[PDB]
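> turn this into a model:
(one chain, ligands or ions: 12)
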Amino acid sequence: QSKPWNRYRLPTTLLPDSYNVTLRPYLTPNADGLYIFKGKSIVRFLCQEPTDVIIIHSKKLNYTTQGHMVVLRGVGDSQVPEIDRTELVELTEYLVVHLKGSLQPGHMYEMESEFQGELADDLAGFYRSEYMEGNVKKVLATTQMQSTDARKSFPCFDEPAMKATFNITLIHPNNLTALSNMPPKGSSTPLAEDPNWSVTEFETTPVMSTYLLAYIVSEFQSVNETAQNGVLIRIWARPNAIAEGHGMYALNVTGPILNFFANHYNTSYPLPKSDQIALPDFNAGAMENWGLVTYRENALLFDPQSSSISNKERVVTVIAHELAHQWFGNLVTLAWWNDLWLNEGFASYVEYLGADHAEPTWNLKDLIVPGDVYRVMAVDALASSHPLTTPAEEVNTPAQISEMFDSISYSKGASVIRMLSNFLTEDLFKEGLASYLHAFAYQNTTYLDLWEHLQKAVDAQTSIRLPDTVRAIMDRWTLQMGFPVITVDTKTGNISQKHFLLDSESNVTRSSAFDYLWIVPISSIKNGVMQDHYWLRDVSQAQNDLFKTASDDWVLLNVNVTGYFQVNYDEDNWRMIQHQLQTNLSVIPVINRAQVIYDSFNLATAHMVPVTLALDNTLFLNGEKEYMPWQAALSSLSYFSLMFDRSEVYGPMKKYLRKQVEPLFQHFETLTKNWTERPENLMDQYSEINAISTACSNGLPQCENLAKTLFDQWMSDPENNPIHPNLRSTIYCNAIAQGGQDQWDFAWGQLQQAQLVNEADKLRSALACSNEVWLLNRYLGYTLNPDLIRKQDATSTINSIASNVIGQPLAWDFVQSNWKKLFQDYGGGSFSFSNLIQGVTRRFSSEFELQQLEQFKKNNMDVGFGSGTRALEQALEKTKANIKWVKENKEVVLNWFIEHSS
Ligand SMILES: *[C@@H]1O[C@H](CO)[C@@H](O[C@@H]2O[C@H](CO)[C@@H](O[C@@H]3O[C@H](CO)[C@@H](O)[C@H](O)[C@H]3NC(C)=O)[C@H](O)[C@H]2NC(C)=O)[C@H](O)[C@H]1NC(C)=O
Ligand SMILES: *[C@@H]1O[C@H](CO)[C@@H](O[C@@H]2O[C@H](CO)[C@@H](O[C@@H]3O[C@H](CO)[C@@H](O)[C@H](O)[C@H]3NC(C)=O)[C@H](O)[C@H]2NC(C)=O)[C@H](O)[C@H]1NC(C)=O
Ligand SMILES: *[C@@H]1O[C@H](CO)[C@@H](O[C@@H]2O[C@H](CO)[C@@H](O[C@@H]3O[C@H](CO)[C@@H](O)[C@H](O)[C@H]3NC(C)=O)[C@H](O)[C@H]2NC(C)=O)[C@H](O)[C@H]1NC(C)=O
Ligand SMILES: *[C@@H]1O[C@H](CO)[C@@H](O[C@@H]2O[C@H](CO)[C@@H](O)[C@H](O)[C@H]2NC(C)=O)[C@H](O)[C@H]1NC(C)=O
Ligand SMILES: *[C@@H]1O[C@H](CO)[C@@H](O[C@@H]2O[C@H](CO)[C@@H](O)[C@H](O)[C@H]2NC(C)=O)[C@H](O)[C@H]1NC(C)=O
Ligand SMILES: *[C@@H]1O[C@H](CO)[C@@H](O[C@@H]2O[C@H](CO)[C@@H](O)[C@H](O)[C@H]2NC(C)=O)[C@H](O)[C@H]1NC(C)=O
Ligand SMILES: *[C@@H]1O[C@H](CO)[C@@H](O[C@@H]2O[C@H](CO)[C@@H](O)[C@H](O)[C@H]2NC(C)=O)[C@H](O)[C@H]1NC(C)=O
Ligand SMILES: *[C@@H]1O[C@H](CO)[C@@H](O[C@@H]2O[C@H](CO)[C@@H](O)[C@H](O)[C@H]2NC(C)=O)[C@H](O)[C@H]1NC(C)=O
Ligand SMILES: *[C@@H]1O[C@H](CO)[C@@H](O[C@@H]2O[C@H](CO)[C@@H](O)[C@H](O)[C@H]2NC(C)=O)[C@H](O)[C@H]1NC(C)=O
Ligand SMILES: *[C@@H]1O[C@H](CO)[C@@H](O)[C@H](O)[C@H]1NC(C)=O
Ligand SMILES: *[C@@H]1O[C@H](CO)[C@@H](O)[C@H](O)[C@H]1NC(C)=O
Ligand SMILES: [Zn+2]
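Residues are numbered from 1 along each chain as shown. Ligands and ions are numbered 1, 2, ... in the order given. You can find the structure just below:
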């Protein structure tokens, strides 16, 4: 029998009740440059089953407790066994307290410890973050427990189902502010031992999970709002960011978002206050700590002066996402990490609903389709994918837990939940959701608990009828990987399903309990009119007159792509859809106008339609004004550009795109009143951004003229940038492309003095658009200079240069020649060789380039590839696939573009 301290899952013999935790970060290093924090904790737990051992999590903590590593006491008049010994078991991250007798069921005990750890700059547990304010380097203390790092800050039963209340105290410099999940109990008091420090106590948390705890010590300031219900809302950030008003947009949307969710969930916001904090360089992006949500600065802050509309969209959606968790995930918590997909998938869906409430004119809900659905379908259409569900017994180690946080969990999770809400109807979904939250508040669940409550809602009504139980249907979408392609023969109305793979040659080896058959909800529109809903059952082939058409009619499936599948038709129906889009596109919902493009290109890749059919689906775009269908084409054609932009195909391709985008460019020229006023709503602003990008990058003279005019105007008056933030990336790039060292040196100067990261990012990227070899080479020479290009921006900059058709060989030579820099950037800065390799070899599509890459690999004699080890193998296999693709498609594609480029 294995010893319990050698198992990754905690015993169930002891359950926590409540903790007292006091933490004291030392923001001044110890002269050796080591930063530490000290702590003291008492955990009160109940004995469920007799046991003579206490096993609790502890990671990277040294104990200074008097005696053994802990002191153990009985609660009330309970007696306690004597401690035999305490030991740390590093592998399973445990503190183990061996007793001389057994704890008794029903009795409560209190275990006290004193400890200290490194306050490392490692974004894990209680950690430090360094940043600059003027000439002064600032250091703050903050937390990231997410998943399994609470145990890195204090000893605890660190599993999400083992909830408890927490009493947090922070001891900190008296001129800094201390924040935690809950409000402070009152004013801070001087630390008696040293009044230079103060003590801030926080109100008891509700019953909650360790991974959601947070505490922060900083010089940050806030903007505030009190909601009508008395809930205090604050946005926290660097004093200078606050002064500049960069926290205002976040403050603006937070109240409405919280209001939306309280109603959506039929459950009051469960906390007295809401803090959200913008942290510089928070690489985790954002973390839903209950009552104290952390964000990277560029995700929470917004500068109206320099930020584009896409920045606003990022802010409102990221906030909606994290605030969604304040109920779903935090109030009701999934019992184990194998069900992470339900938590993150749910939030990834409802972020659009919450954001839509804050910005109801933006049509934000549409963005899940390009943003999550088609994004995740790219990886879920591979033999190497995996089901949403994972058996709980297979997820044990911190590494295995971390593997749960991927594209499948977030984006496919969002897609299937959205599909579920749609086929149940939102009203029914919300009823089951409310029932679920009410039943399990302050407790833990599995995904089966949600299905059960949704089923209760279904069973309580008569309108919505399903072909099977909620669980049976959802099992098809969660227990097996991938998704079907739905193929329709409109001559007969025959309809079929099969597991969709982008590679028609790939072998699926992962077995499915369902033989890769799904139960599929299928909406349809015929001649622009909605039809009755249909369910495809667990059969490969079926027939229905809903999908049978006349010679002059057309049918289109999966309205607004609510269903997690792609659709193919017979060529006659395709041609009819094309005809409709050519004559009156308004008859087909905008999302489905995009779908036709997204799906057909994927179908071409899989050899289910000819590549010419996919290209034919872009023909209507000359009359398309809306964002998504254009985006679908640009996303689908980026690979074509990547493969052909150095070949004879490129001329006709650009000419075709110029032809398609010119009418849209002209449209916005008038609408925007000579480019003086942006379109009103988000989607139209996005359409303008893409139109200008497409026009300029494909050499439309009218766009080139606009870019030159604006950049010249800016150069004549640097302090007054005349270029609207929305268009900066294109205008900067195209103008630098047209100009020489005058434009380049001007932009370089602007970059070196840039205050905001987003503006700096745009400048770095645009500088790579120069068509002068000597400028691109001189630029490459700067990428490895920390004084000129930040280390964290180095590979990004090289990749931008590589993206330039002229910069391609320059960057590839630069990477090869300077590869002897791995022993300089791996132990002192990750650098990420994987991203560099992928970006520079992205274009490779010939046997000659394959030989060059194989020749580059021949430096195998030590030096390795570091974190990019075997990422080179991905480039080798990708090149082989590109070679095969170009050979198969070159002639057909060239002729199509010539044929349609006028
Ligand atoms: C977890 O932390 C809690 C907050 O500190 C502890 O509860 C507090 O205990 C204090 C004493 O340990 C009480 O303060 C005063 O202590 C003096 C001792 O000399 C007593 O005479 C006073 O009666 C007492 N003050 C009052 C007003 O009664 C705090 O009152 C008390 N705070 C509370 C109950 O909110 C917990 O004891 C601690 N848990 C464990 C297990 O140690
Ligand atoms: C938790 O306890 C650990 C073990 O006691 C500490 O790690 C050790 O720190 C020691 C002191 O910094 C290192 O020993 C040597 O100390 C002298 C004088 O300080 C230095 O000149 C030496 O450079 C140093 N040795 C080395 C190899 O650098 C130990 O090496 C080191 N042990 C390790 C890393 O296993 C932790 O510091 C302590 N942590 C906290 C937060 O208290
Ligand atoms: C957070 O919410 C605030 C309240 O809704 C917004 O405040 C609005 O800012 C707008 C832009 O600054 C103002 O619109 C116009 O601004 C121009 C230029 O300053 C003025 O000439 C106009 O008079 C003014 N009004 C118009 C066009 O009707 C709004 O006046 C102002 N609204 C209110 C109620 O104060 C913030 O913009 C918003 N913050 C962010 C970052 O979105
Ligand atoms: C954290 O603080 C809370 C609030 O003071 C403590 O809750 C009290 O616990 C004691 C003993 O268990 C009870 O007699 C009181 O009724 C509780 N008060 C409330 C408001 O619930 C809690 O015990 C503290 N946690 C720890 C570990 O001491
Ligand atoms: C809080 O107090 C500390 C300590 O006095 C301040 O830190 C100093 O800041 C000045 C800048 O004015 C630096 O020159 C010193 O090097 C800092 N000293 C140390 C020991 O770090 C800090 O500025 C104060 N912060 C606030 C917000 O009042
Ligand atoms: C949760 O939803 C319930 C049911 O919709 C709400 O209770 C209803 O409130 C309306 C508003 O006037 C009344 O007309 C109904 O009679 C109520 N129904 C029932 C069954 O009580 C409730 O207000 C919501 N609660 C929260 C916290 O959002
Ligand atoms: C995990 O969640 C379950 C509920 O899904 C908790 O079990 C419930 O506990 C409450 C409070 O004691 C009881 O009222 C219910 O009867 C229990 N429901 C069951 C067993 O289905 C369970 O306590 C939670 N686990 C932990 C460690 O707290
Ligand atoms: C549509 O499906 C039907 C049946 O579901 C197919 O018709 C059958 O074709 C087979 C061919 O071997 C015959 O043995 C059966 O007698 C036919 N059944 C009938 C007429 O009821 C038909 O081929 C399918 N059409 C397609 C795929 O276009
Ligand atoms: C498909 O999506 C479109 C939006 O892209 C839906 O149209 C919206 O419908 C709601 C509710 O009727 C209106 O409040 C909006 O004004 C509509 N927006 C636009 C831009 O038209 C449409 O309802 C969806 N179709 C189906 C069948 O669900
Ligand atoms: C898949 O299996 C086939 C035989 O069915 C084989 O020819 C082929 O090499 C395998 N792998 C791929 C990637 O096609
Ligand atoms: C095009 O279709 C739309 C959507 O039904 C309709 O409102 C409009 O009248 C049609 N326009 C023309 C010119 O046929
Ligand atoms: Zn999330």
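> my guess is residue 215 meets residue 143, correct?
Yes: under the criterion of C-beta atoms under 8 Å, residue 215 makes contact with residue 143 at 5.7 Å. Placement of C-beta: from N, CA and C, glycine included.
> list the residues that contact both of those two?
residue 126 (C-beta atoms under 8 Å, 6 or more residues apart in numbering).
> buried ones in stretch 83-99?
Across stretch 83-99, burial judged by 16 or more other C-beta atoms under 10 Å covers 83, 86, 88, 92-99.
> an error on my part: the question was meant for stretch 232-240.
Neighbour counts over stretch 232-240 (16+ other C-beta under 10 Å) mark 233-238 as buried.
> what sits up against that stretch?
131, 133, 179, 183, 218-227, 246-247, 250-251, 254-255, 258, 272-278, 280, 297, 300-301.
> repeat that for 6 Å
Here stretch 232-240 makes contact (C-beta atoms under 6 Å, 6 or more residues apart in numbering) with 220-226, 247, 250-251, 254, 273-278.
> one more: stretch 761-779?
728-729, 732-733, 736-737, 744, 747, 750-751, 797, 800-801, 804, 806-807, 810.
> any idea how this protein splits into domains?
With domains defined by curated CATH domains, the chain comprises 1-220, 221-482, 483-569, 570-902.
> need the winner for burial among those domains.
With neighbours taken as mean count of other C-beta atoms under 10 Å, the domains of the chain reach their highest mean count in domain 221-482, at a mean of 20.
> show the residue spans covered by the strands in the stretch 401-550 of the chain.
In the stretch 401-550 of the chain, the strands defined using DSSP state E, counting those that start in this stretch lie at 443-445, 484-489, 494-499, 520-522, 524-526, 529-530, 534-536, 541-543.
> which one is the closest residue to ligand 8 within the stretch 251-400 of the chain nearest to, not counting chain neighbours?
Distances between the stretch 251-400 of the chain and ligand 8 by C-beta to the nearest ligand atom are smallest at residue 381, namely 23.4 Å. What sits nearest to residue 381 in space, not counting adjacent residues and going by C-beta to C-beta, 6 or more residues apart in numbering, is residue 502, at 4.6 Å.
> would you confirm that the one you found contacts residue 383?
No: in this structure, residue 502 is not within contact of residue 383 by C-beta atoms under 6 Å, at 9.6 Å.
> how far away is the residue nearest to residue 381 from ligand 2?
Per C-beta to the nearest ligand atom, to the nearest Å, residue 502 is found 48 Å from ligand 2.
> which residues does that residue contact?
Taking C-beta under 6 Å, 6+ apart, one finds 381, 605-606 in contact with residue 502.
> how about residues contacting the strand or helix carrying residue 658?
Using DSSP states H and E, residue 658 falls within helix 650-671. The contact list for helix 650-671 (C-beta under 6 Å, 6+ apart) reads 621-622, 644, 688, 691, 694-695, 698-700, 897-898, 900-902.
> chain neighbours aside, what residue packs nearest to residue 280?
Excluding its sequence neighbours, the residue lying closest to residue 280 (C-beta to C-beta, 6+ apart) is residue 131, at 4.4 Å.
> err, residue 724, not the other one
Nearest residue to residue 724, sequence neighbours excluded (C-beta to C-beta, 6+ apart): residue 678, at 6.4 Å.
> also residue 592?
Leaving aside its chain neighbours, residue 592 sits nearest to residue 556 (5.9 Å; criterion: C-beta to C-beta, 6+ apart).
> would you say the one you found is within a strand?
Yes: the assignment for residue 556 by DSSP: H, G, I helix; E, B strand; the rest coil puts it in a strand.
> how close does it sit to ligand 10?
Going from residue 556 to ligand 10 by C-beta to the nearest ligand atom gives 33 Å.
> apart from its neighbours in sequence, what residue is nearest the residue in the chain positioned nearest to ligand 8?
In the chain, the residue that lies nearest ligand 8 is residue 494 (3.8 Å; C-beta to the nearest ligand atom). Distances taken as C-beta to C-beta, 6+ apart put residue 543 closest to residue 494, at 5.1 Å, once the chain neighbours are dropped.
> where do the helices sit along the stretch 101-250 of the chain?
Ranges of helices in the stretch 101-250 of the chain, per DSSP state H, counting those that start in this stretch, are 239-243, 248-264.
> in CSV, list those helices along with distance to residue 1.
Output for these, formatted as CSV (distance: least, C-beta to C-beta, whole Å):
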stretch, distance to residue 1
helix 239-243, 57
helix 248-264, 48
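> out of those, flag the one nearest ligand 12.
With C-beta to the ion as the criterion, ligand 12 lies closest to helix 248-264 of the helices of the stretch 101-250 of the chain, at 13.5 Å.
> that closest one close to ligand 3?
Yes: for helix 248-264, a contact with ligand 3 is found by C-beta under 6 Å from any ligand atom, at 248-249, 252.
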